[PDB]
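Same chain, two versions here, written out as structure tokens and called structure 1 and structure 2.
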Structure 1
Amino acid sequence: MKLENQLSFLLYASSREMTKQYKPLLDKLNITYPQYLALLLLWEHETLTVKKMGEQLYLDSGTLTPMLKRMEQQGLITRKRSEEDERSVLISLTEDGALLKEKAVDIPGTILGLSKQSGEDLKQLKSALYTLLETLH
């Protein structure tokens, strides 16, 4: 029952350690970590309701609103009450937010190399984590 033999703790700790590995690369784009993840969601789907936005990202309305608020100011996104259902809000990407992808494309390779983990070890780690994540859903 050692703390470090618990898979739940191992996932979370590694989570913290990996994240901090971004500050250096993201400080240049001004972006923070959560904003970076939201951006990866947006360069992929262009438009998303706020429900799904926090849904797949695990972010509470408390740390979701200030984030978008800053992105809007930066001109990375744009809100819009849904006309199909006023009860929801859509978040679209601006051509400024889309052109920002040009200089992020290399962040992944960099950080993956900064983790000192290489080869298929990372490919299997990821593969297993996705399966696990899919299972618990």
Structure 2
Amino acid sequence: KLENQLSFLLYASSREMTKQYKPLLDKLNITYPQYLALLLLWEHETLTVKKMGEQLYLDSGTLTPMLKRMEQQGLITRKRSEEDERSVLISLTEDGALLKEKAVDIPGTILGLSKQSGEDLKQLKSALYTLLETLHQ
């Protein structure tokens, strides 16, 4: 079959979840990944591009262009690290930081959909953390 493949599942369910964020994220005028970078920025006003990649499991290949868009949109600003001219520093603009106020309804909203399943999702999450540690050395 196909629905019996763990990889597929993770793959199609993840793309469906994203479609659920679409109406919400259109509100804030951002994409799901930009949104994920913001969840970081909101807990830490500034971060090296390296740090973001590490936490989101993406690399310069994605972040470089994605951070450019966010910058061109006014949600962030970027500058070279002065203690290490090799890395780049990403910082929230006032807007970027304010935008957090408008995204507080999201988790609960998504949950009002996902938890609509039936079993403890705090279980599924726990699993995925490990799986993630596995698949990530």
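We call the rigid core whatever largest set of C-alpha positions still superposes within 1.5 Å between the two forms. FYI, numbering is relative to structure 1, first residue = 1.
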| item | value |
| --- | --- |
| Distance the CA of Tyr12 travels between structure 1 and structure 2 [rigid core superposed, Å] | 4.5 |
| Rigid core fit between structure 1 and structure 2: Cα deviation of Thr65 in angstrom | 1.6 |
| Cα displacement of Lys103 between structure 1 and structure 2, core-superposed (Å) | 0.4 |
